[PDB]
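Commentary on secondary and tertiary structure
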There are 2 protein chains.
Amino acid sequence: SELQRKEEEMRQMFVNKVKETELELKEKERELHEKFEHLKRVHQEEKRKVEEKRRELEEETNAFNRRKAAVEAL
Amino acid sequence: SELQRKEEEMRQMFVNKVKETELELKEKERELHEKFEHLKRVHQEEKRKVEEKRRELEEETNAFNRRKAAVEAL
């Protein structure tokens, strides 16, 4: 009767609240994927930055070795 | 002569400074690897946390569907 009417809209009111929360976690589940692919790019960028500074220093020792070799050849 | 003595210790003083900086970048290059493997674990942990909350909600809808089905069977 009228008791089953209220026992239907309430039984769906909880479902509608779970379906909404179930969907937000799904959206946050792809949001942490985007935030993780971002840090993978920042990591790969910061790595290449340091990897070329060591190449920018490997050539400074060579330049100093050529300055030393150019003098010892006299 | 004495000019080449100072032109030797100075030529090595710059090298010793580059070799020190070249090594720090190498140590920081593995430090960003450890800091990146850490966030990969935090990401994989936070993912599994959300992935089971949606399984903790998928069973709440089933429990409510069984409560609804148990009444309609009367």
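Analysis parameters
Residues numbered from 1 in each chain as written, not as in the entry; some residues may be left out. Chains lettered and ligands numbered in written order. Heavy atoms only, no water. Residues with missing side-chain atoms left out of burial classes, pairs and counts. Helix = DSSP H or I, 4+ residues; strand = E, 2+ residues; numbered from the N terminus. Rg over C-alpha atoms; globule rule 2.2 N^0.38 Å. Contact = heavy atoms within 4.5 Å. Nonpolar A, V, L, I, M, F, W, Y, C, P; charged D, E, K, R; others polar. Least-squares fit on C-alpha atoms. Salt bridge = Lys/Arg side-chain N within 4 Å of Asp/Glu carboxyl O. Axes fitted to C-alpha atoms, helices over the stretch in contact; angles between N-to-C directions. Parallel < 35°, antiparallel > 145°, perpendicular 65-115°, else oblique.

Method of determination, as annotated in the archive: X-ray crystallography, at 2.4510 Å resolution.

Focus: the overall build of chain A
Each helix and strand in chain A was counted, giving 1 helix and 0 strands. Relative to the 2.2 N^0.38 estimate, which gives 11 Å for 74 residues, the radius of gyration of chain A is 32 Å and therefore markedly larger than a compact globule would have. Considering only C-alpha atoms, chain A reaches an extent of 110 × 10 × 5 Å along its principal axes.

What to know about the interface of chain A and chain B
Facing the 27 residues of chain A at the interface are 27 residues of chain B. Grouping the constituent residues of the side of chain A that touches chain B by class yields 8 nonpolar, 6 polar and 13 charged.

Observations regarding the relation of the copies chain A and chain B
Comparison of the two chain copies shows a relationship of rotation about an axis with a shift along it. Under the fitted operation, chain A is carried onto chain B by 0.0 Å of movement along the axis and a turn of 180 degrees, and the coordinates agree to an RMSD of 0.0 Å. The operation mapping one copy onto its partner corresponds to a two-fold rotation axis.

Some words on the pattern of salt bridges
Notably, a salt bridge pairs A:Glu51 with A:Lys47, separated by 3.0 Å at the nearest N-O pair. With A:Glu51 and A:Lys47 both in helix α1 (residues 2-72) and 4 residues apart, this pair spans about one turn of that helix. One salt bridge connects B:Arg30 with B:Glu34, and the closest N-O pair in it is separated by 3.6 Å. Residue B:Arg30 and its partner B:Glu34 are located together in helix α1 (residues 2-72), separated by 4 residues, close to a single helical turn.

Let's talk about the packing of α1(A) against α1(B)
Two elements in contact, α1(A) and α1(B), have axes whose closest approach is 9 Å; the angle formed by their N-to-C orientations is 170 degrees. Here α1(A) is positioned roughly antiparallel relative to α1(B), judged by the angle of their axes. Residues of the contact of α1(A) with α1(B), tallied by class, amount to 16 nonpolar, 12 polar and 26 charged.

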